[PDB]
>>> print(open('entry32.pdb').read())   # PDB, C-alpha atoms
ATOM      1  CA  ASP A 950      15.519 -12.376  33.516
ATOM      2  CA  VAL A 951      17.519  -9.321  32.394
ATOM      3  CA  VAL A 952      20.478 -11.679  32.379
ATOM      4  CA  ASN A 953      18.393 -14.607  31.135
ATOM      5  CA  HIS A 954      16.896 -12.795  28.152
ATOM      6  CA  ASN A 955      20.382 -11.676  27.089
ATOM      7  CA  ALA A 956      22.298 -14.944  27.429
ATOM      8  CA  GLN A 957      19.539 -16.853  25.629
ATOM      9  CA  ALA A 958      19.074 -14.418  22.727
ATOM     10  CA  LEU A 959      22.769 -14.634  21.874
ATOM     11  CA  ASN A 960      22.746 -18.442  22.125
ATOM     12  CA  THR A 961      19.826 -18.604  19.706
ATOM     13  CA  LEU A 962      21.714 -16.300  17.324
ATOM     14  CA  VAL A 963      25.101 -18.061  17.461
ATOM     15  CA  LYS A 964      23.536 -21.490  16.857
ATOM     16  CA  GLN A 965      21.891 -19.942  13.772
ATOM     17  CA  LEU A 966      25.350 -20.181  12.182
ATOM     18  CA  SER A 967      24.803 -23.966  12.035
ATOM     19  CA  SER A 968      21.700 -23.766   9.823
ATOM     20  CA  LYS A 969      21.591 -24.505   6.100
ATOM     21  CA  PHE A 970      18.535 -22.375   5.117
ATOM     22  CA  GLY A 971      17.783 -24.690   2.199
ATOM     23  CA  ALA A 972      21.339 -24.701   0.837
ATOM     24  CA  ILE A 973      23.429 -27.855   0.525
ATOM     25  CA  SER A 974      25.883 -27.013   3.327
ATOM     26  CA  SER A 975      26.442 -24.519   6.130
ATOM     27  CA  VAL A 976      30.187 -24.372   5.351
ATOM     28  CA  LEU A 977      31.226 -21.654   2.901
ATOM     29  CA  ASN A 978      34.274 -23.436   1.474
ATOM     30  CA  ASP A 979      32.302 -26.596   0.648
ATOM     31  CA  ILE A 980      29.958 -24.505  -1.511
ATOM     32  CA  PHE A 981      32.944 -22.646  -2.976
ATOM     33  CA  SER A 982      34.780 -25.851  -3.933
ATOM     34  CA  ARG A 983      32.031 -28.374  -4.757
ATOM     35  CA  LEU A 984      29.991 -26.214  -7.160
ATOM     36  CA  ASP A 985      30.309 -23.943 -10.161
ATOM     37  CA  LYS A 986      30.671 -20.228  -9.446
ATOM     38  CA  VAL A 987      27.221 -19.254 -10.748
ATOM     39  CA  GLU A 988      25.584 -21.857  -8.466
ATOM     40  CA  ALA A 989      27.845 -21.110  -5.497
ATOM     41  CA  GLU A 990      26.780 -17.467  -5.813
ATOM     42  CA  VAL A 991      23.165 -18.659  -5.402
ATOM     43  CA  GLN A 992      23.681 -21.027  -2.455
ATOM     44  CA  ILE A 993      25.943 -18.562  -0.616
ATOM     45  CA  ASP A 994      23.329 -15.883  -1.353
ATOM     46  CA  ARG A 995      20.763 -18.113   0.384
ATOM     47  CA  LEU A 996      23.100 -18.497   3.378
ATOM     48  CA  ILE A 997      23.742 -14.733   3.497
ATOM     49  CA  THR A 998      19.996 -14.005   3.340
TER      50      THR A 998
ATOM     51  CA  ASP B 950      17.539  14.081  16.389
ATOM     52  CA  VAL B 951      13.815  13.977  15.548
ATOM     53  CA  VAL B 952      14.765  15.905  12.416
ATOM     54  CA  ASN B 953      17.787  13.679  11.791
ATOM     55  CA  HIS B 954      16.311  10.210  12.396
ATOM     56  CA  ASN B 955      13.574  10.800   9.815
ATOM     57  CA  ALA B 956      16.210  12.060   7.363
ATOM     58  CA  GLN B 957      18.730   9.231   7.718
ATOM     59  CA  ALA B 958      15.981   6.612   7.448
ATOM     60  CA  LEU B 959      14.667   7.925   4.126
ATOM     61  CA  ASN B 960      18.069   8.475   2.475
ATOM     62  CA  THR B 961      19.195   4.956   3.407
ATOM     63  CA  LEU B 962      15.932   3.722   1.890
ATOM     64  CA  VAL B 963      16.989   5.490  -1.311
ATOM     65  CA  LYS B 964      20.524   4.065  -1.272
ATOM     66  CA  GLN B 965      19.303   0.480  -0.879
ATOM     67  CA  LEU B 966      17.875   0.791  -4.394
ATOM     68  CA  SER B 967      21.490   0.483  -5.574
ATOM     69  CA  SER B 968      21.710  -3.044  -4.137
ATOM     70  CA  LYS B 969      21.624  -6.056  -6.452
ATOM     71  CA  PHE B 970      20.566  -8.707  -3.864
ATOM     72  CA  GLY B 971      22.302 -11.389  -5.913
ATOM     73  CA  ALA B 972      20.696 -10.407  -9.217
ATOM     74  CA  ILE B 973      22.668  -9.633 -12.362
ATOM     75  CA  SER B 974      21.740  -5.932 -12.243
ATOM     76  CA  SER B 975      20.049  -3.384 -10.003
ATOM     77  CA  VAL B 976      18.126  -1.917 -12.971
ATOM     78  CA  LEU B 977      14.996  -3.832 -13.921
ATOM     79  CA  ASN B 978      14.775  -2.713 -17.558
ATOM     80  CA  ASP B 979      18.249  -4.143 -18.226
ATOM     81  CA  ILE B 980      17.101  -7.514 -16.866
ATOM     82  CA  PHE B 981      13.888  -7.387 -18.899
ATOM     83  CA  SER B 982      15.737  -6.408 -22.091
ATOM     84  CA  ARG B 983      18.732  -8.756 -21.786
ATOM     85  CA  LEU B 984      16.955 -11.958 -20.707
ATOM     86  CA  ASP B 985      13.800 -13.808 -21.688
ATOM     87  CA  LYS B 986      10.845 -14.141 -19.314
ATOM     88  CA  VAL B 987      11.681 -17.439 -17.575
ATOM     89  CA  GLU B 988      15.293 -16.430 -16.910
ATOM     90  CA  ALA B 989      14.512 -12.843 -15.885
ATOM     91  CA  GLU B 990      11.667 -13.758 -13.513
ATOM     92  CA  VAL B 991      14.128 -15.218 -10.982
ATOM     93  CA  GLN B 992      16.194 -12.004 -11.013
ATOM     94  CA  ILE B 993      13.073  -9.846 -10.657
ATOM     95  CA  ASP B 994      11.907 -12.117  -7.807
ATOM     96  CA  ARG B 995      15.224 -11.581  -5.998
ATOM     97  CA  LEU B 996      15.033  -7.798  -6.481
ATOM     98  CA  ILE B 997      11.384  -7.634  -5.355
ATOM     99  CA  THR B 998      12.089  -9.725  -2.237
TER     100      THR B 998
ATOM    101  CA  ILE C 402      37.869 -28.591 -31.141
ATOM    102  CA  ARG C 403      37.501 -32.371 -31.118
ATOM    103  CA  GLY C 404      33.804 -32.964 -30.454
ATOM    104  CA  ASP C 405      34.291 -34.902 -27.201
ATOM    105  CA  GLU C 406      35.647 -31.631 -25.746
ATOM    106  CA  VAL C 407      32.974 -29.257 -27.134
ATOM    107  CA  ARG C 408      31.517 -28.992 -23.612
ATOM    108  CA  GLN C 409      34.906 -27.735 -22.375
ATOM    109  CA  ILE C 410      34.221 -24.269 -23.863
ATOM    110  CA  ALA C 411      32.374 -23.036 -20.771
ATOM    111  CA  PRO C 412      33.196 -20.725 -17.849
ATOM    112  CA  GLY C 413      34.477 -22.299 -14.653
ATOM    113  CA  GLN C 414      35.648 -25.645 -16.046
ATOM    114  CA  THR C 415      38.874 -27.639 -15.800
ATOM    115  CA  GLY C 416      40.418 -29.621 -18.644
ATOM    116  CA  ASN C 417      43.331 -29.885 -21.038
ATOM    117  CA  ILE C 418      41.599 -27.397 -23.331
ATOM    118  CA  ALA C 419      40.251 -25.415 -20.373
ATOM    119  CA  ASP C 420      43.612 -24.959 -18.607
ATOM    120  CA  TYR C 421      46.597 -25.592 -20.887
ATOM    121  CA  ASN C 422      45.079 -24.074 -24.042
ATOM    122  CA  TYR C 423      42.627 -21.306 -23.112
ATOM    123  CA  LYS C 424      40.388 -20.181 -20.279
ATOM    124  CA  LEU C 425      37.069 -18.393 -20.326
ATOM    125  CA  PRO C 426      36.509 -15.760 -17.607
ATOM    126  CA  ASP C 427      33.956 -16.595 -14.935
ATOM    127  CA  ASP C 428      32.066 -13.352 -15.665
ATOM    128  CA  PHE C 429      31.952 -14.029 -19.433
ATOM    129  CA  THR C 430      28.858 -12.524 -21.087
ATOM    130  CA  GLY C 431      28.546 -13.845 -24.623
ATOM    131  CA  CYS C 432      27.668 -16.832 -26.804
ATOM    132  CA  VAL C 433      29.214 -20.114 -27.978
ATOM    133  CA  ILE C 434      28.397 -21.674 -31.374
ATOM    134  CA  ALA C 435      29.532 -25.100 -32.601
ATOM    135  CA  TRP C 436      29.266 -26.715 -36.019
ATOM    136  CA  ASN C 437      30.190 -30.025 -37.642
ATOM    137  CA  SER C 438      33.186 -29.743 -39.983
ATOM    138  CA  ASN C 439      33.676 -33.302 -41.215
ATOM    139  CA  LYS C 440      33.331 -32.397 -44.902
ATOM    140  CA  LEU C 441      35.829 -29.520 -44.554
ATOM    141  CA  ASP C 442      38.452 -30.724 -42.042
ATOM    142  CA  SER C 443      38.382 -34.531 -41.739
ATOM    143  CA  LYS C 444      40.732 -36.247 -44.195
ATOM    144  CA  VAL C 445      41.447 -39.913 -44.873
ATOM    145  CA  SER C 446      45.170 -39.381 -44.273
ATOM    146  CA  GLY C 447      44.514 -36.967 -41.391
ATOM    147  CA  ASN C 448      44.605 -33.189 -41.083
ATOM    148  CA  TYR C 449      47.840 -32.134 -39.373
ATOM    149  CA  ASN C 450      47.090 -28.412 -39.757
ATOM    150  CA  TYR C 451      45.568 -28.274 -36.243
TER     151      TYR C 451
END
>>> encode(input="entry32.pdb", output="structure tokens")
Amino acid sequence: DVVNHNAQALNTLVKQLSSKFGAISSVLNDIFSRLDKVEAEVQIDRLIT
Amino acid sequence: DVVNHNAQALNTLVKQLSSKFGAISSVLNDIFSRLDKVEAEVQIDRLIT
Amino acid sequence: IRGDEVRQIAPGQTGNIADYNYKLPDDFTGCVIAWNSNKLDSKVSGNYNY
């Protein structure tokens, strides 16, 4: 379990890079290119949070 | 370290008042004087959170 | 500005006015005012001063 609690807790974290968190996309460059700067700085703020 | 850990935790808690958290300013009176209520409430919500 | 391009005076926009003529900074903090000037600029022959 000392192995199994450490391999799992990373795999939960790394897969959290695939989440949107209410934004339109999980990819930074799609938000940077498909939106205005004042709205990209809100959606990317949501992703950062 | 018991002296140090309770001194680094407080000072950091001071320095995180300089963070904007995606708002237009880290000073609340500037937000309340430069914007009207409906616009400034989002910025104050971000700072409070 | 010709009225069909009055929306082009905005930060973060692309157009013939917005690129070849002038650009507003993305961090611009100010105001934009527009007004009709048909009685002062529009001529029957055509105003070539602009």
>>> interface_residues(input="entry32.pdb", of="chain A", to="chain C", cutoff="10 Å", atoms="only C-alpha atoms", output="NGL selection string")
:A and (984-987)
>>> interface_residues(input="entry32.pdb", of="chain A", to="chain B", cutoff="8 Å", atoms="only C-alpha atoms", output="count of residues only")
3
>>> atom_distance(input="entry32.pdb", atom1="CA of residue 980 in chain A", atom2="CA of residue 997 in chain A")
12.6 Å
>>> calpha_fit_and_write(input="entry32.pdb", fixed="chain B", moving="chain A", output="PDB file with C-alpha atoms, in the coordinates of the input")
ATOM      1  CA  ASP A 950      17.641  13.775  16.587  1.00  0.00           C
ATOM      2  CA  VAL A 951      13.910  13.703  15.771  1.00  0.00           C
ATOM      3  CA  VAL A 952      14.928  15.365  12.527  1.00  0.00           C
ATOM      4  CA  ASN A 953      18.159  13.372  12.288  1.00  0.00           C
ATOM      5  CA  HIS A 954      16.555   9.955  12.704  1.00  0.00           C
ATOM      6  CA  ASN A 955      14.030  10.815   9.980  1.00  0.00           C
ATOM      7  CA  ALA A 956      16.332  12.281   7.331  1.00  0.00           C
ATOM      8  CA  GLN A 957      18.795   9.409   7.754  1.00  0.00           C
ATOM      9  CA  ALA A 958      16.249   6.567   7.680  1.00  0.00           C
ATOM     10  CA  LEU A 959      14.894   7.787   4.348  1.00  0.00           C
ATOM     11  CA  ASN A 960      18.406   8.192   2.911  1.00  0.00           C
ATOM     12  CA  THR A 961      19.234   4.615   3.874  1.00  0.00           C
ATOM     13  CA  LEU A 962      16.006   3.454   2.207  1.00  0.00           C
ATOM     14  CA  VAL A 963      16.346   5.437  -1.040  1.00  0.00           C
ATOM     15  CA  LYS A 964      19.948   4.287  -1.566  1.00  0.00           C
ATOM     16  CA  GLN A 965      18.622   0.720  -1.198  1.00  0.00           C
ATOM     17  CA  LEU A 966      17.248   1.190  -4.725  1.00  0.00           C
ATOM     18  CA  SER A 967      20.868   0.981  -5.950  1.00  0.00           C
ATOM     19  CA  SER A 968      21.473  -2.534  -4.595  1.00  0.00           C
ATOM     20  CA  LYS A 969      21.530  -5.718  -6.663  1.00  0.00           C
ATOM     21  CA  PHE A 970      20.580  -8.267  -3.934  1.00  0.00           C
ATOM     22  CA  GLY A 971      22.455 -11.018  -5.766  1.00  0.00           C
ATOM     23  CA  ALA A 972      20.877 -10.316  -9.160  1.00  0.00           C
ATOM     24  CA  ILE A 973      22.895  -9.319 -12.217  1.00  0.00           C
ATOM     25  CA  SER A 974      21.693  -5.697 -12.353  1.00  0.00           C
ATOM     26  CA  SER A 975      19.709  -3.154 -10.356  1.00  0.00           C
ATOM     27  CA  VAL A 976      18.018  -1.865 -13.540  1.00  0.00           C
ATOM     28  CA  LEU A 977      14.724  -3.550 -14.420  1.00  0.00           C
ATOM     29  CA  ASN A 978      14.936  -3.074 -18.192  1.00  0.00           C
ATOM     30  CA  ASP A 979      18.409  -4.639 -18.407  1.00  0.00           C
ATOM     31  CA  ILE A 980      17.018  -7.814 -16.821  1.00  0.00           C
ATOM     32  CA  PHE A 981      13.939  -7.597 -19.055  1.00  0.00           C
ATOM     33  CA  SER A 982      15.986  -7.279 -22.259  1.00  0.00           C
ATOM     34  CA  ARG A 983      19.175  -9.283 -21.615  1.00  0.00           C
ATOM     35  CA  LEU A 984      17.563 -12.510 -20.354  1.00  0.00           C
ATOM     36  CA  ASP A 985      14.851 -15.017 -21.142  1.00  0.00           C
ATOM     37  CA  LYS A 986      11.465 -14.419 -19.524  1.00  0.00           C
ATOM     38  CA  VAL A 987      11.658 -17.383 -17.132  1.00  0.00           C
ATOM     39  CA  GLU A 988      15.046 -16.159 -15.831  1.00  0.00           C
ATOM     40  CA  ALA A 989      14.033 -12.491 -15.776  1.00  0.00           C
ATOM     41  CA  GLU A 990      11.071 -13.512 -13.609  1.00  0.00           C
ATOM     42  CA  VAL A 991      13.597 -14.990 -11.140  1.00  0.00           C
ATOM     43  CA  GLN A 992      16.071 -12.087 -11.056  1.00  0.00           C
ATOM     44  CA  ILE A 993      13.298  -9.471 -10.849  1.00  0.00           C
ATOM     45  CA  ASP A 994      11.726 -11.609  -8.108  1.00  0.00           C
ATOM     46  CA  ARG A 995      15.031 -11.355  -6.213  1.00  0.00           C
ATOM     47  CA  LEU A 996      15.021  -7.565  -6.673  1.00  0.00           C
ATOM     48  CA  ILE A 997      11.379  -7.329  -5.543  1.00  0.00           C
ATOM     49  CA  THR A 998      12.110  -9.462  -2.460  1.00  0.00           C
TER      50      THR A 998
END
>>> atom_distance(input="entry32.pdb", atom1="CA of residue 425 in chain C", atom2="CA of residue 974 in chain B")
21.3 Å
>>> atom_distance(input="entry32.pdb", atom1="CA of residue 996 in chain A", atom2="CA of residue 957 in chain B")
28.4 Å
>>> axis_aligned_box(input="entry32.pdb", around="range 430-442 of chain C", padding_each_side="6 Å", output="lines of an AutoDock Vina configuration file")
center_x = 33.1
center_y = -22.9
center_z = -33.0
size_x = 22.8
size_y = 32.8
size_z = 35.8
>>> resolve_selection(input="entry32.pdb", expression="the PyMOL selection byres ((chain A and resi 976) around 12)", output="list in words")
residues 966, 967, 968, 969, 970, 972, 973, 974, 975, 977, 978, 979, 980, 981, 982, 983, 989, 992, 993, 996 and 997 of chain A
>>> write_last_selection(input="entry32.pdb", atoms="C-alpha atoms", output="PDB file, in the coordinates of the input")
ATOM      1  CA  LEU A 966      25.350 -20.181  12.182  1.00  0.00           C
ATOM      2  CA  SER A 967      24.803 -23.966  12.035  1.00  0.00           C
ATOM      3  CA  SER A 968      21.700 -23.766   9.823  1.00  0.00           C
ATOM      4  CA  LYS A 969      21.591 -24.505   6.100  1.00  0.00           C
ATOM      5  CA  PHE A 970      18.535 -22.375   5.117  1.00  0.00           C
ATOM      6  CA  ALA A 972      21.339 -24.701   0.837  1.00  0.00           C
ATOM      7  CA  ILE A 973      23.429 -27.855   0.525  1.00  0.00           C
ATOM      8  CA  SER A 974      25.883 -27.013   3.327  1.00  0.00           C
ATOM      9  CA  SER A 975      26.442 -24.519   6.130  1.00  0.00           C
ATOM     10  CA  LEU A 977      31.226 -21.654   2.901  1.00  0.00           C
ATOM     11  CA  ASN A 978      34.274 -23.436   1.474  1.00  0.00           C
ATOM     12  CA  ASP A 979      32.302 -26.596   0.648  1.00  0.00           C
ATOM     13  CA  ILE A 980      29.958 -24.505  -1.511  1.00  0.00           C
ATOM     14  CA  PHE A 981      32.944 -22.646  -2.976  1.00  0.00           C
ATOM     15  CA  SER A 982      34.780 -25.851  -3.933  1.00  0.00           C
ATOM     16  CA  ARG A 983      32.031 -28.374  -4.757  1.00  0.00           C
ATOM     17  CA  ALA A 989      27.845 -21.110  -5.497  1.00  0.00           C
ATOM     18  CA  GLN A 992      23.681 -21.027  -2.455  1.00  0.00           C
ATOM     19  CA  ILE A 993      25.943 -18.562  -0.616  1.00  0.00           C
ATOM     20  CA  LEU A 996      23.100 -18.497   3.378  1.00  0.00           C
ATOM     21  CA  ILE A 997      23.742 -14.733   3.497  1.00  0.00           C
TER      22      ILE A 997
END
>>> build_atoms(input="entry32.pdb", residues="range 950-982 of chain B", atoms="N, CA and C atoms", output="CSV table (one decimal), keeping the file's coordinate frame")
chain,number,residue,atom,x,y,z
B,950,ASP,N,17.5,15.5,16.7
B,950,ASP,CA,17.5,14.1,16.4
B,950,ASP,C,16.2,13.6,15.8
B,951,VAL,N,15.1,14.2,16.2
B,951,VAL,CA,13.8,14.0,15.5
B,951,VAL,C,13.8,14.4,14.1
B,952,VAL,N,14.6,15.5,13.8
B,952,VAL,CA,14.8,15.9,12.4
B,952,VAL,C,15.7,14.9,11.7
B,953,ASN,N,16.7,14.5,12.4
B,953,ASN,CA,17.8,13.7,11.8
B,953,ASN,C,17.4,12.2,11.5
B,954,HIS,N,16.7,11.6,12.5
B,954,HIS,CA,16.3,10.2,12.4
B,954,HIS,C,15.3,9.9,11.3
B,955,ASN,N,14.5,10.9,11.0
B,955,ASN,CA,13.6,10.8,9.8
B,955,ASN,C,14.2,11.3,8.5
B,956,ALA,N,15.5,11.7,8.6
B,956,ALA,CA,16.2,12.1,7.4
B,956,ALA,C,17.2,11.0,7.0
B,957,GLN,N,17.8,10.3,8.0
B,957,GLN,CA,18.7,9.2,7.7
B,957,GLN,C,18.0,8.0,7.3
B,958,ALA,N,16.7,7.8,7.8
B,958,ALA,CA,16.0,6.6,7.4
B,958,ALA,C,15.5,6.6,6.0
B,959,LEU,N,15.1,7.8,5.5
B,959,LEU,CA,14.7,7.9,4.1
B,959,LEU,C,15.8,7.8,3.1
B,960,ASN,N,16.9,8.5,3.4
B,960,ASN,CA,18.1,8.5,2.5
B,960,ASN,C,18.7,7.1,2.3
B,961,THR,N,18.8,6.4,3.4
B,961,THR,CA,19.2,5.0,3.4
B,961,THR,C,18.2,4.1,2.6
B,962,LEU,N,16.9,4.4,2.7
B,962,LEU,CA,15.9,3.7,1.9
B,962,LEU,C,16.1,4.1,0.4
B,963,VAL,N,16.7,5.2,0.1
B,963,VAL,CA,17.0,5.5,-1.3
B,963,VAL,C,18.2,4.7,-1.7
B,964,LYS,N,19.2,4.6,-0.9
B,964,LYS,CA,20.5,4.1,-1.3
B,964,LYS,C,20.4,2.6,-1.4
B,965,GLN,N,19.5,1.9,-0.7
B,965,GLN,CA,19.3,0.5,-0.9
B,965,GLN,C,18.6,0.1,-2.2
B,966,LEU,N,18.2,1.1,-3.0
B,966,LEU,CA,17.9,0.8,-4.4
B,966,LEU,C,19.1,0.5,-5.3
B,967,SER,N,20.3,0.8,-4.8
B,967,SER,CA,21.5,0.5,-5.6
B,967,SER,C,22.0,-0.9,-5.3
B,968,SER,N,21.3,-1.7,-4.5
B,968,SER,CA,21.7,-3.0,-4.1
B,968,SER,C,21.2,-4.0,-5.2
B,969,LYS,N,22.0,-5.1,-5.5
B,969,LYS,CA,21.6,-6.1,-6.5
B,969,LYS,C,20.9,-7.2,-5.9
B,970,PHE,N,21.1,-7.6,-4.6
B,970,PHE,CA,20.6,-8.7,-3.9
B,970,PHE,C,20.8,-10.0,-4.6
B,971,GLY,N,22.0,-10.2,-5.2
B,971,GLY,CA,22.3,-11.4,-5.9
B,971,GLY,C,21.8,-11.5,-7.3
B,972,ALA,N,21.1,-10.4,-7.8
B,972,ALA,CA,20.7,-10.4,-9.2
B,972,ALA,C,21.8,-9.9,-10.1
B,973,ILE,N,21.6,-10.0,-11.4
B,973,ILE,CA,22.7,-9.6,-12.4
B,973,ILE,C,22.8,-8.1,-12.5
B,974,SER,N,21.7,-7.4,-12.2
B,974,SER,CA,21.7,-5.9,-12.2
B,974,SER,C,20.7,-5.4,-11.3
B,975,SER,N,21.0,-4.1,-10.9
B,975,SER,CA,20.0,-3.4,-10.0
B,975,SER,C,19.0,-2.6,-10.8
B,976,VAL,N,19.1,-2.6,-12.1
B,976,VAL,CA,18.1,-1.9,-13.0
B,976,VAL,C,17.2,-3.0,-13.6
B,977,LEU,N,15.9,-2.8,-13.5
B,977,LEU,CA,15.0,-3.8,-13.9
B,977,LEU,C,14.8,-3.9,-15.4
B,978,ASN,N,14.9,-2.7,-16.1
B,978,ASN,CA,14.8,-2.7,-17.6
B,978,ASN,C,15.9,-3.4,-18.3
B,979,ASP,N,17.1,-3.4,-17.7
B,979,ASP,CA,18.2,-4.1,-18.2
B,979,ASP,C,18.0,-5.6,-18.1
B,980,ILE,N,17.4,-6.1,-17.0
B,980,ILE,CA,17.1,-7.5,-16.9
B,980,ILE,C,16.0,-7.9,-17.8
B,981,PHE,N,15.0,-7.1,-18.0
B,981,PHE,CA,13.9,-7.4,-18.9
B,981,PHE,C,14.3,-7.3,-20.4
B,982,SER,N,15.3,-6.5,-20.7
B,982,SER,CA,15.7,-6.4,-22.1
B,982,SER,C,16.8,-7.4,-22.5
